[PDB]
Amino acid sequence: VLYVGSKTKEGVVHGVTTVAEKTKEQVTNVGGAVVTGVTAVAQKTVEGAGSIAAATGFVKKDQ
Amino acid sequence: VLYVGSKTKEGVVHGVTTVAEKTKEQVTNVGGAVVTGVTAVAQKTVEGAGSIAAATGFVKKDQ
Amino acid sequence: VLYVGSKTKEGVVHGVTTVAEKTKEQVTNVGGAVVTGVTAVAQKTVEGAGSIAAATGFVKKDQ
């Protein structure tokens, strides 16, 4: 597999903006997982039997 | 497999904007997972038997 | 596999902006994991049987 290409920005994330003029915010949690705000992730190649990537708010109590 | 191409931005995410003039926000959770706000993820190639990618608010209690 | 290319910014993340004029924010948590604010991660190549990458707010009580 060869690769001449012109311009390949593959497997990325960029240029994200947010604004939150929040006022009087209250959160509470027990045991579970909670994510406010923002987050951003990118990864080119991932391989794995029963593997995990790209989870936000993810709980696994498997047996 | 060769690749000459002109312009390939494959497997990406970019340019996302949000605004939330929230006021008096209250959250609560036990055990489960809860995500406010935003998030953005991209990944080119993923391979795996029974593997997971791209989950927001995902719980797995498998046995 | 050879690689001539023109411009490949693959497996990255850049250029992210946020604003949060928060006022009177209260958080509380026991046991679980909670993430306010922002975060950003990128990784080119990841390989592993049942391995994990790119988790925000992730709990694993597997047996």
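Residues numbered from 1 in each chain as written, not as in the entry; some residues may be left out. Chains lettered and ligands numbered in written order. Part of a larger assembly, values for the part shown. Heavy atoms only, no water. Residues with missing side-chain atoms left out of burial classes, pairs and counts.

This entry lists cryo-EM as its structure determination method and reports a resolution of 3.49 Å.

The name given to chain A in the PDB entry is Alpha-synuclein, with the source organism recorded as Homo sapiens.

## Topic: unusual backbone geometry
Backbone geometry places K24 of chain A, a non-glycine residue, at a positive phi of 60°. Mapped onto the fold, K24 of chain A is located in the loop between β1 (12-19) and β2 (25-26). Exposure remark for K24 of chain A: the relative accessible area of 26% places this residue in the partly exposed category. The backbone of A54 of chain B shows a phi angle near 65°, a positive value even though the residue is not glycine. Among the structural elements, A54 of chain B can be located in strand β7 (residues 52-60). (Helix = DSSP H or I, 4+ residues; strand = E, 2+ residues; numbered from the N terminus. Buried < 20%, exposed > 50% of the residue type's maximum accessible area, 1.4 Å probe, protein only.)

## Digging into the sheet that holds strand β3 (residues 29-30) of chain A
Strand order in the open sheet made by the three strands is β3(B)-β3(A)-β3(C), with parallel pairing throughout. Every other strand in the sheet has two partners, leaving β3 (29-30) of chain B together with β3 (29-30) of chain C as the edge strands with one partner each. Here two bridges tie β3 of chain A to β3 of chain C, and the two strands are oriented parallel to one another. Note on β3 of chain C: the bridge partner recorded for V30 of chain A is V30 of chain C. (Pairing = 2+ DSSP bridges.)

## Brief notes about the interface of chain B and chain A
The partner chain A presents 63 residues to the 63 residues of chain B that form the contact. Counting residues per element, the side of chain B that touches chain A draws most heavily on β7 of chain B, which supplies nine residues. Of the residues assigned to the side of chain B that touches chain A, the class counts are 26 nonpolar, 25 polar and 12 charged. One ladder, built from two bridges, connects strand β4 (residues 34-35) of chain A with strand β4 (residues 34-35) of chain B; its direction is parallel. Bridging from a neighbouring strand, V35 of chain A pairs with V35 of chain B of β4 of chain B. (Contact = heavy atoms within 4.5 Å. Nonpolar A, V, L, I, M, F, W, Y, C, P; charged D, E, K, R; others polar.)

## Some points on the sheet that holds strand β2 (residues 25-26) of chain C
Strands belonging to one sheet form pairs held by backbone hydrogen bonds; the direction of such a pair is parallel or antiparallel. Across the sheet, which stays open at both edges, the three strands sit in the order β2(B)-β2(A)-β2(C) with parallel pairing between neighbours. Every other strand in the sheet has two partners, leaving β2 (25-26) of chain B together with β2 of chain C as the edge strands with one partner each.

## Focus on the side chain of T8 of chain A
By the secondary structure assignment, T8 of chain A is in the segment before β1. Classification of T8 of chain A as buried rests on a relative accessible area of 2%. A polar side-chain atom of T8 of chain A sits 3.3 Å from a polar atom in the side chain of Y3 of chain A. When neighbours within four sequence positions are excluded, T8 of chain A is seen to be in contact with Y3 of chain A, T8 of chain B together with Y3, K7, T8, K9 and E10 of chain C. (Polar contact = N/O pair within 3.5 Å; in protein donor to acceptor, adjacent residues only side chain to side chain.)

## Things to note about the side chain of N29 of chain A
Residue placement: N29 of chain A occurs in strand β3. Of the polar contacts made by the side chain of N29 of chain A, one reaches the backbone oxygen of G32 of chain A; its length is 2.2 Å. Not counting the four nearest positions on each side in its chain, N29 of chain A is found in contact with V34 of chain A, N29, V30 and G31 of chain B together with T28, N29, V30 and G32 of chain C.

## Brief notes about the nonpolar core
Counting residues in hydrophobic clusters, the biggest one holds five residues: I52, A55 and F58 of chain A together with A55 and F58 of chain B. For this core, the elements supplying multiple residues, two or more each, are β6 (52-60) of chain A together with β7 of chain B. The dominant element in this core, judged by the number of residues it contributes, is β6 of chain A, at three residues. Look past the residues within four positions of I52 of chain A in its chain and what remains in contact with it is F58 and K60 of chain A, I52 of chain B together with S51, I52 and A53 of chain C. (Core = buried A, V, L, I, M, F, W, Y, C linked by side-chain atoms within 4.5 Å.)

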